[PDB]
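For this one, two forms of the same chain are given in structure tokens, first as structure 1 and then as structure 2.
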Structure 1
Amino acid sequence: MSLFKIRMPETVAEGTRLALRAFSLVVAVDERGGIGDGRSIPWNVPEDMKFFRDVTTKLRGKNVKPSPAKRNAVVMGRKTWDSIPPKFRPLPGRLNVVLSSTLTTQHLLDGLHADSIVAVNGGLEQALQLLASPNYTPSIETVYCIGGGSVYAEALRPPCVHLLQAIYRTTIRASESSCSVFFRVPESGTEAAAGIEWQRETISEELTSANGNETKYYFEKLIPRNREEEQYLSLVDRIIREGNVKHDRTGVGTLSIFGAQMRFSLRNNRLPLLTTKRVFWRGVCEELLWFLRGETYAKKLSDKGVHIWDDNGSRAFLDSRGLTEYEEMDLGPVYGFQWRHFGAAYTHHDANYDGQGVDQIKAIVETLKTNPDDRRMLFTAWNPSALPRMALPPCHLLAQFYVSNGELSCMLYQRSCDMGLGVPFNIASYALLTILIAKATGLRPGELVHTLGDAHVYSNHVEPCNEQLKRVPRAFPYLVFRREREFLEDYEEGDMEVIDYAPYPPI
């Protein structure tokens, strides 16, 4: 069973090669926005120094020692490197990227072992380009632009500004005509803002510096407004406020709304993994691959530590669905089976189903490659005949593809959507699918459009959801591929990496 698989084309990696790596920015400014004299840093505020070292050294996971394997990177202009006393460079615990057209890597080592320094002949884009390569992605966890006026200037305009994930700004409450170089965040809806709308995530109270001068200062974290996730958050808020009380099969309460639509850009490696509550990506990834393979044995997910189908695959449940002859974890002709073997007679999971039923995924892959204007390019799992033989009816039951300007868009129709767990999971799921299918057809990812039927929140989840509603959505992470694989069905979870995923903690 190898000639029934999808063969990945020669143009597979170029579809999802990361052009630039995402980065955060860290700066100190005065009330006039000045950053320095182009030579040295004017003010002396030890509390900013501590903040700066912390924001740039600390890693996502707790108590993780920075090492070549996993550490942060700081990118800086050459003049900034010079402004640091030779004794204290390179900055410990981090990878020091230096932009210069006159100083090579080895040249930087001449002045003041181990490896923590790279020079780049180019600007911030080139640095982000290099950091996008395998040797740095995903070994480097977070990239920080620690700046220099010209570097900040490059960060705050296209193409780089669209990769800018957070601003960590310290404001020093002092002023002087001694500041030549300036740093200003573009205001919402201005030309300089290039479409971005910077939100304030946090602001500190005014603190006083123990520097002998009694200087005031404060910290702010700015983030680029995530309207896509706000779509979702709005819907949840509308459901709680205006939704109808309903009760599902068990008898559990639910707040419900009917008919809705959301969009998510998949462009430039962008992955719509929700940030206001961490999504279980590993399971998302494992299940989709399990779907694509037309797999119906749930143990294959259970084995890989994904238990999302554990309850629905138990003897207890299968019996309650009258499927008394199914082996435990054999779920019947669900999802993937309909995708790859529509209308094929089902017996047991371990049977051979090669070349049986309709192979919708393959058909679509073939159509996209030859006639991209086709309006019949859609698959479905909603098979009335198969339905009683399934452990569960499909929620996400239909998807349609669309091509424009060499970009693959995809719309998913979901009949019943749990806003709490299902919806975020399925958003990522169909993102991955569209990405993979785009790879298989030599196209770029476009948009994912989500259509909802009965969109619901669980009654007891209202209290938790209300707390999440008060969180400001953060920028989405990115998906990159460690390696490609000859066939579509051969792709493993470890073949792809989600980078710069910084969700909020739970509560």
Structure 2
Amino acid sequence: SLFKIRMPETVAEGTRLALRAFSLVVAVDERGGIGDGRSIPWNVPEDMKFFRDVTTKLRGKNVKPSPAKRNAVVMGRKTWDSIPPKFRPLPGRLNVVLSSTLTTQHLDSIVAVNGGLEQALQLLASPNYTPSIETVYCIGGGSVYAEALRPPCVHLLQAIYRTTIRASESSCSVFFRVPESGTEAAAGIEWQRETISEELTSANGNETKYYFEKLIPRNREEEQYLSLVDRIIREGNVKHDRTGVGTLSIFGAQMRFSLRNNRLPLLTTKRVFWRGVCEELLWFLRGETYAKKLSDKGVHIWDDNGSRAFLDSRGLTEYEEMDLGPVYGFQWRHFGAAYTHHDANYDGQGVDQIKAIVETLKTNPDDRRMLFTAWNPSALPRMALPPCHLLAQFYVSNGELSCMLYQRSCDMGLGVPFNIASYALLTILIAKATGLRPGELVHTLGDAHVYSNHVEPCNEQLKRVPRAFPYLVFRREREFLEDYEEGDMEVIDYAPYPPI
């Protein structure tokens, strides 16, 4: 259509292919030895059990692994050779073998990959594997672990499950060490001990001592969110909202989130309603104002503010139910245009801020005026609500598009994580529209608050260790920005905590 924004013919320079996140499972001795090059020297049945259990089990309670939903184990060919023929393939799991020589048919529970772990992580990110494969485990061996600890794979590592066997084995010629936080080899990742078992003794007849630990990469960006929540609780002033409900509040804060390689800052310590986020954002981008378009895909976030009662209380007696007035996206695409009803034609009316930004980004990336706003004092009384996230500015450095969001009023529990996700998506889409790579989201908060009745619940959430952020993958592209659908994209490896 004539007033839509045409997408580029080609992807931005540098854009990666999709990659699954994975966990690493390993057994080491005290000097970091894992094997002689053909086998594992020690015999510790308890580690065998642990390795089987962790790689087999799914996040769901007592769920049985099936072709429909299972885990995948990724292994080097030599590790496949070390498994005695009668125990292979490893039951309940998709066995992924890395080999330049061997093929799948030299043997659907097995698949060969001509390439390293990166290629395996690419394969499992295919639409053929993403619905059925819940977690990917790097189970070895040495050359796979080495690759796993190396960019690009190392940034996709969710967790390391390391068993330490208290044995001295001079036959070990292959090694594995988790680089300590702050060290050069750590490559900017801060490894943390999440759990450690008590020191246990094997019933192998040698009384071999062993223990387990789970290591995770520190999610600094979510810690930044939790520190703010914690600060508000500890130091915020008591305030009351429009319905007289108590909040704890601070004024003026700022957070940052990397969107690089389509990383998606969906918070892990509380599940964020991504589908609603995505549907709403696309609805903004299209310049929509009819909330029924959202209620019909089961996104009910605007129901309360679109009701006959609420619109009437806002003086908006002429609007149909769910007609919100010239809100958000309308101002984005038609700033200043007169509003009558949602179903009217607004093509070429008001200022199309999104259109202008997309054109300036392509020709003059150093420009300092690439901002869009929904804060239109003239049109505020005509809106169901004044805009919360009201302003955004774009910035370009190193072929990466960054965005700053300004938000006047910020509910830390629900609004904030939702809006971080919205603008992450927006920045990713605008990057795609302009031939740029996604860069950084900066979030500026005005009145940042927690509900006084959510204090105890938030305190419980603050004890949770943040997990890694998921990634966003586009399964198909569109000719126009406005034609993107929620179904066009997939959030991969989002593993948030269950409800409080």
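Numbers given to residues start at 1 and step along the sequence of structure 1. In this text, rigid core is short for the largest set of C-alphas that superpose within 1.5 Å between two forms.
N211 is the only residue from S265, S302, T367, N211 whose Cα shifts by 2 Å or more between the two structures, the rigid core being superposed. A movement of the C-alpha atom of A386 falling short of 2 angstroms is seen between the two structures when the two forms are aligned on their rigid core. Fitting the two forms on the rigid core leaves the C-alpha of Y136 displaced by at least 2 angstroms between the two structures. For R241, the Cα coordinates differ by under 2 angstroms between the two structures after the core has been superposed. Core superposition places the Cα of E125 2.4 Å apart between the two structures. After superposing on the rigid core, the C-alpha of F23 is displaced by 1.4 Å between the two structures. Here the two forms are laid over each other by their core, and the C-alpha of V64 is off by 6.2 Å between the two structures.
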